[PDB]
Amino acid sequence: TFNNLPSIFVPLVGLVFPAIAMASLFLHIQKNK
Amino acid sequence: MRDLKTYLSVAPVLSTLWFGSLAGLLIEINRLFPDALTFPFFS
Amino acid sequence: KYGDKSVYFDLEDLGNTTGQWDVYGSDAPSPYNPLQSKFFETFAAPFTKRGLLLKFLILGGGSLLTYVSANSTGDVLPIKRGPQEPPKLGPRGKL
Amino acid sequence: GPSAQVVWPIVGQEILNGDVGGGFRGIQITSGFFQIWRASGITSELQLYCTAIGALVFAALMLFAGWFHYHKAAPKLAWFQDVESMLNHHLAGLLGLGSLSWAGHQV
Amino acid sequence: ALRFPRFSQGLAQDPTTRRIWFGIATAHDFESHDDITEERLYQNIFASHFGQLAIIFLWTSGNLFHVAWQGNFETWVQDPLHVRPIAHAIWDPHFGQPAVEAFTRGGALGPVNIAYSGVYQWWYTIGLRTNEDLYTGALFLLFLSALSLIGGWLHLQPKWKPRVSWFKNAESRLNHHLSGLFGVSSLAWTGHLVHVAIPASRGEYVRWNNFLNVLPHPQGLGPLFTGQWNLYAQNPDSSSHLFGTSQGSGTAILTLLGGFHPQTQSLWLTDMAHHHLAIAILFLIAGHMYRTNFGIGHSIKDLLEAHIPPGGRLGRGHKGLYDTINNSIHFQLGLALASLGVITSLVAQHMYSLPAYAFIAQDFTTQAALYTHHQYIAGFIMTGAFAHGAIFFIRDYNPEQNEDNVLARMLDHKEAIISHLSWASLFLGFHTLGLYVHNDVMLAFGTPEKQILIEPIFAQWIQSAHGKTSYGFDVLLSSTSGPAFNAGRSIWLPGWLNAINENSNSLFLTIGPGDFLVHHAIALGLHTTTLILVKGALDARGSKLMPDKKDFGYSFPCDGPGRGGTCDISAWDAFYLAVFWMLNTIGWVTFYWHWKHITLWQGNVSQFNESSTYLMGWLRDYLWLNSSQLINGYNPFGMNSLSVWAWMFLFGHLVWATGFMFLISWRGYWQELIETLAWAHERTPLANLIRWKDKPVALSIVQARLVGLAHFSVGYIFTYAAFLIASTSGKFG
Amino acid sequence: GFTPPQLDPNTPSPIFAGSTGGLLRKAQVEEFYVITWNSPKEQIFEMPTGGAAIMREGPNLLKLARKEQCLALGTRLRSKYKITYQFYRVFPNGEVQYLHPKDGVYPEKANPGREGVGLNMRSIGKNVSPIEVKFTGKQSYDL
Amino acid sequence: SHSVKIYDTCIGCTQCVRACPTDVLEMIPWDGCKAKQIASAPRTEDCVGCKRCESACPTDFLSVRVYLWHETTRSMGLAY
Amino acid sequence: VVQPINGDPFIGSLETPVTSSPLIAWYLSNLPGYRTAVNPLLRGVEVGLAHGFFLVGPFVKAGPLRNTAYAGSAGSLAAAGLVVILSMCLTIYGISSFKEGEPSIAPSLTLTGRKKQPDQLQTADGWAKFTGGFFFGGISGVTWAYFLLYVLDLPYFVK
Ligand code: CLA
Ligand code: CLA
Ligand code: CLA
Ligand code: CLA
Ligand code: CLA
Ligand SMILES: CC1=C(/C=C/C(C)=C/C=C/C(C)=C/C=C/C=C(C)/C=C/C=C(C)/C=C/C2=C(C)CCCC2(C)C)C(C)(C)CCC1
Ligand code: SF4
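Determination of this PDB entry was carried out by cryo-EM to a resolution of 3.25 Å, according to the record.

Have a look at this one:
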């Protein structure tokens, strides 16, 4: 599995963490209280 | 003419005259005294 | 009045003044069939909570991405096929 | 190699005068004047010197013309604004007769 | 503050999109945040430092973890000269099978990246001979990162919240940092080198399960308490030692034999141990200097009020300087970055010459990557030191509290300083460019005997003043009769002489006229960067064109087209143009380094000594020639391992050109263009439904300047990294 | 309490064949700065939104984009055509704020009835350094 | 938005406000000069920051002075 | 017929043949972007279906595995992924632009001057229904394009 962990983490990190991060940060930008 | 000499004394005309004279000086020195790296007189 | 001769500052109708117009926003009724519309309503009402839609989208998409990249073999992406070639010895021996 | 410029041997720049060819040391020009001159049937250097002198003459003539047409007898605005005659002349008289005279040279 | 910037309600009350950029860019400018105090400022700084330490330990843990997991370190330990380091494996799903085949190095079952960071050499020199060692180290550094994080969290809570009177305790802090953080720290490093690294070099592995039993020296601490310290320098690995095995090893732990280890061409671990020990004594003694809660010591305030020279040359001396530094965080930061940049350049200049890691001198890409790295880092740190001094002179400098003092008398003759630095840079640039151009011409005229070649007699004199007999000056160390040679005749000079005279290593290289000329180019660069920065810092408060510049702050675009024009008048813009000149200077430094060293390694020092004296040699014999194997990293017919470096080379070219967009083009053409774009989007059907929330605007002038410099510097750095790494890796000499 | 606002009525607008520099969505959610002027004759003038317009004999009315547009127009009017002008600010709610003279007189003639604000009774060098106002909302120039 | 300030060195030449394209400034009476008038800046909300005012202030350095500050939609000069 | 928008010359647009014509305005008015009267869910369904096919187009034939046997399947998979991302960005758009319950920010007027009802698409729940329709329609259009590439491969071009 250790050879299969980059295949799980690189698509996880470099695509989802941009999804999560850029989405949440765009929401934090476009906010009002 | 006074004004022609006033123009000849202007900065660019006098600059090109001065640097043409100077350049001819250094040119003729580097033709008469070419290829000079060391001052050999009283060396 | 906005419709007078070259008058464009009806102070009461500020929408016509500022340009607030549905330039192509037809208010014509639903041209779809009612039955397929009800079908889509009942089959897409799960995607009505934008927050739950976003959580589902992010989590399920990341899960499917990890699943594809973990279950895919080297036949569909050469990085998992591996070298399948002997390694070249670098310059100066290997250093 | 077509060459039309030679440098003065002073500071080692005489290396620029190279083996262009023709028993001649100079700079290989890339202007195509030699090609024109073969197309103009020059076949000499006398013709080129005469052309240079005639061109110097026309340069002095144009200098006198600018002086005359500003200081001595300068056209007023009705003359430039007559663009009809200007086009009639520059089409027929500059470009027409110019191409005709060059066709005469070419023939 | 209502919108995303919670720390500035002036940017939250900005309907445009400038607020996003300025909430990114001022996020860490706490003393400009709205409705804050000095307490909150220092406390946010303290928590930020905790976060920085957490990131540092995390990044080191990532390095260790990836070298242990995806590396070949256990193979590198055996045959280090002929086994390639491995930074980390690569899973790039865009890769084609030729690229999967080419990037498989170091005896790996998959693609990998070669560690051009030297971490292999430095971990191997300090013990750490297994992957489990690196795993334990990475886990411990992860624990340390979590420790820093919880520390910075709790030190923000109101119960554990230090007051400004605690941050300003510049004597207890100095004593503690000196004594512990330097002296005890280097002492603990010696206690590693003596207990672990030297035994790991001498053979046996000394680990946590057995480090209490293993005597580091066969007579444990008797020699130390009895004063017979010479018993720790008895068998100093007498010249036949293989690093990592007991053959030709010894028993010493602390020596001053100097020179290099013959196998590794690196410094002796016993020398490093004795070194860190000695400087530990010095720092532990110096950290008992400043006055604290125990009645003795110095008050830096009175040390400064006492160092006022009678004669009024300096005027009021250093009076009122403790209060203007301790209150001013920007002054502390500027002095800190000054010292840090100088010692970073020192790290570079001494790691290339005096490598302290096993088998890092003989590998040739790490020794260049590290030097280039630390020198660009030093240049940036130095620009930042000056920029923070400028920010101090604007924000934190009180001219009344330090009237007529060394600092006030300094700002007086700012015109003198600026003019004489201008003179130095103008002189150097004129002359040295003239000489490089004279030599360019003299080669272009086929007369290389007419070149201006000045032998660097002074640097050659210093070299011969250290034991280099390649010139024949015979002065103070090459003269056997000199008392300096007689003093250390029996301590270090045999090793140091057979090191410095050995023309294979890289300390005190045989220098020539090209070295003179490029050293003067370096002086031009340093004096000019210094000119730009000093001029911005001293004209930060004002000048004749803008005397109330302190009221506009450190970073502001301009003052308008009035008064002739005021583009790039702020001290921030001085920093800006100084970053340009800094990149230029470090480029000269690292070009000089890389060419001298690649010619030494290849063997043809004559290439540099003949071609470095005229710029077309650098353009031909350094850039055009060493870029042969790089740009062929991927041809129309196949690729090789240097494909990534060619792609990075072109990527850096691309951003270095994109910066010219933000620099050459300025704001107004883009605002008008965005106005047209906004018209089109608001009148384009099916996109009228979509309306922005932040009104789009072209980038502010200071912003776009910063962005152009970011692209410019990223391209500078990535391009030269690609070129350096690929040229030194395409051949390894 | 000496000059009342004018409360622009439904006046005609200039003859103009329409441009793209006009009112965007800023007017639909924010102010849009109507201007009113009074022409002696039906003459032609450059619009600040690009293009040529034909002002009408008598009162005119233009709702262009913003303050600088109407004030540039009015300065060109007053200098080139020698004509009195006054412009407003029309929020989307409905209010119409009068702005250009705010006294019936242009802001060059120092006519009494206006209170001086943005007025620091000192030379420009006698402002305190930022350290003297560190950690305070007043930046350098409001004491 | 921007913070325009008029200092007491003003001679009352009315160029600051005759150059200002956004009606930010206005001359008021004063007793500190031969012209008996000084400029004031009430409508700083309409201030774009173009510094045409201080490109026309004929004094030692300046009397009118524009300080760049919180930029809003009207100080940024946006028609959108 | 380039007279200005609604004959209003100081609005930044014109009623040229491209914008305001019997054919092109009709086409832009009877498609699911501008059906302000019908609920946004059917609109989003139509939109998502169309864009799902439009995205499956340049993923099977143009892509990293276009020449392989995994061209259609993996290309449709990438198209569904892009569709999921488009619904994602649409979702953050609906969250960021309008909060929960405000009235519609759409114009309540038309060219003819009728005080029409505002487009409930621009509301929070309306845009959410539109996003749900877009996601459903897009995944459905992706799989239907895959189905048509599977069972009806011969009439379409392979090249
Ligand atoms: C289309 C071009 C392309 C793309 C997209 C990639 C993509 C990738 N390559 Mg690259 N690569 C390419 C071409 C490309 N490659 C080419 C042509 C070559 C030469 C043959 C290589 C050679 C190569 C090597 C040698 C390696 C990679 C690696 C990687 C992976 C890095 C892991 C990651 O998630 O990074 C995450 C992104 C970063 C670390 C970038 C940091 C800087 C960002 C921009 C700033 C972030 C801003 C802020 C702080 C954070 C806020 C959140 C943010 C998301 C907005 C990634 C999958 C590595 C790998 O496989 O390890 C896993 C690796 O070692 N590639
Ligand atoms: C600043 C850098 C620099 C330096 C130091 C030099 C230096 C030199 N160059 Mg190089 N050169 C440079 C830049 C530089 N050059 C650049 C930028 C270019 C490209 C434009 C060139 C192109 C170039 C060429 C192509 C050549 C040189 C040559 C020379 C030599 C000139 C010797 C000579 O003729 O002087 C002799 C002295 C004079 C001309 C000055 C005479 C002054 C008069 C007589 C007044 C003094 C008398 C006065 C009355 C006082 C007397 C005392 C009493 C009365 C009080 C010298 C080694 C030449 C050479 O021989 O190379 C080795 C040569 O061929 N250079
Ligand atoms: C900086 C200005 C400049 C310079 C230094 C040159 C330099 C050169 N040109 Mg170029 N050229 C220029 C501008 C310039 N040109 C422009 C703006 C035009 C467009 C009209 C041309 C058109 C042009 C042509 C067509 C040719 C050159 C040639 C040449 C070379 C020979 C010079 C010559 O007079 O031969 C003698 C000149 C000619 C044989 C040209 C014939 C006359 C042309 C076709 C039209 C007549 C001009 C007309 C009255 C004015 C324009 C009318 C209007 C309706 C457009 C030399 C490299 C010639 C060359 O490369 O030969 C190897 C060549 O064949 N040039
Ligand atoms: C002896 C007690 C002691 C010790 C050990 C420390 C330790 C530290 N303090 Mg200090 N502190 C103390 C007492 C102490 N403090 C007291 C009494 C006060 C009272 C006011 C403070 C107030 C204080 C403040 C206000 C701050 C600190 C900070 C720090 C941290 C500095 C950042 C860092 O790690 O770089 C350490 C750097 C070095 C050890 C060496 C740097 C230079 C050497 C010479 C370079 C050359 C060798 C090089 C390292 C070799 C590398 C080779 C290879 C291994 C890579 C560090 C953990 C900062 C921090 O991070 O907050 C937590 C901070 O902001 N301290
Ligand atoms: C190759 C590019 C280049 C060059 C030549 C220079 C040159 C200079 N810069 Mg730098 N600079 C550059 C790029 C460059 N810069 C870039 C990209 C930036 C970023 C914006 C800056 C930012 C910058 C700042 C911020 C500062 C400088 C300064 C200086 C001057 C330093 C003094 C010195 O060495 O001058 C010696 C003279 C030269 C190098 C000029 C070389 C040309 C020769 C000698 C002229 C003679 C040739 C010929 C006879 C003339 C006739 C030509 C033709 C008309 C026929 C000098 C003029 C500093 C300064 O002014 O200090 C005084 C300063 O403060 N520059
Ligand atoms: C702006 C400013 C700032 C900053 C600045 C800077 C950044 C600076 C830098 C500086 C630097 C960076 C410096 C350096 C210096 C150096 C020196 C001064 C050196 C010396 C040396 C010596 C003295 C030596 C000796 C010796 C030798 C020769 C060798 C051997 C040994 C012996 C020891 C014998 C501040 C904040 C402060 C303040 C404000 C202003
Ligand atoms: S331009 Fe300056 S001096 Fe003239 S009136 Fe205005 S503020 Fe006074």
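Trainee: How would you sum up the overall build of chain D? Please name residues and give values.
Mentor: When helices and strands are counted, chain D shows four helices and three strands. Mapped from its N terminus to its C terminus, chain D presents α and β elements in the order β-β-β-α-α-α-α. Rg of the C-alpha trace for chain D: 21 Å, well past the compact-globule value of 13 Å for 107 residues, more than 25% over. Counting only contacts in chain D whose residues sit at least 6 apart along the sequence, the fraction spanning at least 24 positions is 30%. Taken as a whole, chain D presents about 8,900 Å² of accessible surface, with 68% of it coming from carbon and sulfur. Taking the 4 positively charged and 5 negatively charged side chains of chain D as two groups, their mean positions are separated by 7 Å.

Trainee: Talk me through the packing of aromatic side chains; I want residue IDs and the actual numbers.
Mentor: All names here are of chain E. Throughout the structure, instances matching the rule amount to 94 aromatic pairs over all chains. Relative to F359, the ring of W76 lies with its centre 6.4 Å away and its plane at 70°, an arrangement referred to as edge-to-face. In this pair, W76 sits in helix 4 (residues 73-78) while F359 sits in the loop between helix 14 (329-351) and helix 15 (366-396), placing the two residues 283 residues apart along the sequence. Of the residues examined, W76 reaches a relative accessible area of 1% and is grouped as buried.

Trainee: Can you explain the arrangement of the chains? Please cite residues and give values.
Mentor: For this structure, the chain pair with the highest number of contacts among 14 pairs of chains in contact is chains C and H. If you take every C-alpha in chain B and every C-alpha in chain C, the smallest gap between them is 44 Å, and the two do not touch. Across all C-alpha pairs, the smallest distance from chain D to chain H is 34 Å, and the two are not in contact.

Trainee: How would you summarise the interface of chain C and chain E if you had to cite specific residues and measurements?
Mentor: Taken residue by residue, the interface counts 19 residues in chain C and 29 residues in chain E. At four residues, helix 4 (residues 78-81) of chain C tops the list of elements feeding residues into the side of chain C that touches chain E. Among the residues making up the side of chain C that touches chain E, the classes are represented as nine nonpolar, four polar and six charged.

Trainee: Report on the pattern of salt bridges, specifying residues and quantitative values.
Mentor: Where charged atoms from two side chains of opposite charge approach closely, those side chains can pair. Residues and elements named next belong to chain G. For the coordinates displayed, the defined rule picks out 46 salt bridges over all chains. A salt bridge links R74 to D46; its shortest N-O distance comes to 3.6 Å. Remark: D46 occurs in the loop between strand 3 (37-40) and strand 4 (64-67) and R74 occurs in the segment after strand 4; sequence separation between them is 28 residues. Judged by relative accessible area, which is 18%, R74 ranks as buried.

Trainee: Can you lay out the UniProt feature "transmembrane region" in chain A for me, pointing to particular residues and giving the numbers?
Mentor: With numbering aligned to this structure, UniProt lists the feature "transmembrane region" at residues 7-27 of chain A. Along residues 7-27 of chain A the backbone is 100% helical and 0% strand, and the end-to-end C-alpha distance reaches 29 Å.

Trainee: Provide a residue-level description of the coordination of the magnesium atom of ligand 2, including the pertinent values.
Mentor: Only one protein atom coordinates the magnesium atom of ligand 2: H438 of chain E (ND1), located 2.2 Å from the metal. Mapped onto the elements, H438 of chain E comes out in helix 17 (residues 414-444).

Trainee: Account for the site of ligand 1, naming residues and giving values.
Mentor: The environment of ligand 1 is made up of 15 residues, and the closest members are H88, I90, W91, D92 and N113 of chain E. Neighbouring residues of ligand 1 are not confined to one chain but are distributed across chains A and E. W91 of chain E has a polar backbone atom sitting 2.8 Å from an oxygen atom of ligand 1. Between ligand 1 and the protein, one listed contact pairs a nitrogen atom with a side-chain N or O atom of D92 of chain E at 2.5 Å.

Trainee: Can you tell me about the side chain of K168 of chain E, naming the residues and giving the values?
Mentor: Residue and element names in this part refer to chain E. Positionally, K168 belongs in the loop between helix 8 (164-167) and helix 9 (172-201). Only 3.3 Å separates the side chain of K168 from the side chain of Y42, close enough to count as a polar contact. Ignoring anything within four residues of it in the chain, the contact list for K168 reads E38, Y42, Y322, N326 and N327.

Trainee: Summarise the interface of chain H and chain C; cite the residues concerned and give the values.
Mentor: Residue-level contacts link 53 residues of chain H with 36 residues of chain C. Every element with two or more residues in the side of chain H that touches chain C is listed here: helix 1 (24-29), helix 2 (40-60), helix 3 (71-97) and helix 4 (124-151) of chain H. By residue class, the composition of the side of chain H that touches chain C is 28 nonpolar, 15 polar and 10 charged.

Trainee: Account for the pairing of strand 5 (residues 85-90) of chain F, naming residues and giving values.
Mentor: All names here are of chain F. Where burial is concerned, most of strand 5 is hidden: six out of the six residues are buried. Side chains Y85, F87 and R89 project from strand 5 onto one buried face, and the interleaved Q86, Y88 and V90 project onto a second face that is buried too. Summarising the sheet, strand 1 (residues 34-39) and strand 5 pair through three bridges and their orientation is antiparallel. Counted as the bridge partner of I35 is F87 from strand 5. Where strand 5 lies against strand 6 (residues 96-98), three bridges are found, and the strand directions are antiparallel. The partner of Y88 across the bridge, within strand 6, is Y98.

Trainee: Please provide a residue-by-residue account of the sheet that holds strand 6 of chain F, values included.
Mentor: All names here are of chain F. Reading across the sheet, the four strands line up as 4-1-5-6 and stay open at both edges, with antiparallel pairing between neighbours. Strands with a single pairing partner mark the edges of an open sheet, and in this sheet they are strand 4 (58-63) and strand 6. The mean inter-strand angle of the sheet, taken between neighbouring strand axes irrespective of direction, is 30°. Pairing of strand 1 with strand 4, which is carried by six bridges, proceeds in the antiparallel orientation. Considered in strand 4, the bridge of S39 is made with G58. Helix-sheet contacts for helix 2 (residues 67-81) involve strand 1, strand 4 and strand 5, and the interaxial angle to strand 5 is about 170°.

Trainee: Describe the packing of helix 17 of chain E against helix 21 (residues 513-538) of chain E, with residues and values.
Mentor: Residue and element names in this part refer to chain E. As a packed pair, helix 17 and helix 21 sit with axes 8 Å apart at the nearest point and diverge in direction by 150°. In terms of their interaxial angle, helix 17 and helix 21 are classed as roughly antiparallel. Along this stretch, helix 17 crosses helix 21, giving a crossing that reads as left-handed. Class assignment for the residues of the contact of helix 17 with helix 21 results in 16 nonpolar, 10 polar and two charged.

Trainee: Let's hear about the site of ligand 7: which residues, and what values?
Mentor: Residues in contact with ligand 7, as listed here, are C10, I11, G12, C13, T14, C16, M27, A39, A56, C57 and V64 of chain G. Class assignment for the residues of the shell around ligand 7 results in nine nonpolar, two polar and no charged.

Trainee: Can you lay out helix 24 (residues 615-626) of chain E for me, pointing to particular residues and giving the numbers?
Mentor: Think of an α-helix as turning once every 3.6 residues; residues three or four places apart then point the same way. All names here are of chain E. With 12 residues, helix 24 extends 15 Å between its outermost C-alpha atoms, agreeing within 8% with the 16 Å of an ideal straight helix rising 1.5 Å per residue. All buried positions along helix 24 are accounted for by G617, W618, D621, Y622 and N626. Considered in projection along helix 24, the buried side chains sweep an arc of 110° and stay on one side of the axis. Of the surrounding elements, those touching the buried residues of helix 24 are helix 17, helix 21, helix 22 (571-602), helix 23 (605-611), helix 25 (628-631) and helix 28 (701-731).

Trainee: How would you explain helix 11 (residues 269-286) of chain E if you had to name every residue and give the values?
Mentor: Residue and element names in this part refer to chain E. With 18 residues, helix 11 ought to run about 26 Å at 1.5 Å a step, and its terminal C-alpha atoms sit 25 Å apart, in line with that. Listing the buried residues of helix 11 in full gives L269, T270, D271, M272, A273 and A280. Of the surrounding elements, those touching the buried residues of helix 11 are helix 6 (119-125) and helix 9.

Here is what the cut-offs are and how they apply
Residues numbered from 1 in each chain as written, not as in the entry; some residues may be left out. Chains lettered and ligands numbered in written order. Part of a larger assembly, values for the part shown. Heavy atoms only, no water. Residues with missing side-chain atoms left out of burial classes, pairs and counts. Helix = DSSP H or I, 4+ residues; strand = E, 2+ residues; numbered from the N terminus. Rg over C-alpha atoms; globule rule 2.2 N^0.38 Å. Contact = heavy atoms within 4.5 Å. Areas by Shrake-Rupley, 256 points an atom, 1.4 Å probe, with all protein chains shown as cover. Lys, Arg positive; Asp, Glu negative; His and termini not counted. Charge placed at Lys NZ, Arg CZ, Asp CG, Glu CD. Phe/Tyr/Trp six-rings, centres within 6.5 Å; stacked < 30°, edge-to-face > 60°. Buried < 20%, exposed > 50% of the residue type's maximum accessible area, 1.4 Å probe, protein only. Nonpolar A, V, L, I, M, F, W, Y, C, P; charged D, E, K, R; others polar. Salt bridge = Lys/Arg side-chain N within 4 Å of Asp/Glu carboxyl O. UniProt positions renumbered as here; feature names shortened; annotations may be inferred. Donors = N, O, S within 2.8 Å, 3.2 Å for Na, K, Ca; no water. Near = heavy atom within 4 Å. Polar contact = N/O pair within 3.5 Å; in protein donor to acceptor, adjacent residues only side chain to side chain. Pairing = 2+ DSSP bridges. Axes fitted to C-alpha atoms, helices over the stretch in contact; angles between N-to-C directions. Parallel < 35°, antiparallel > 145°, perpendicular 65-115°, else oblique. Left-handed = near helix turned anticlockwise from the far one by under 90°. Expected span 1.5 Å × (residues − 1). Arc of directions from axis to C-beta.

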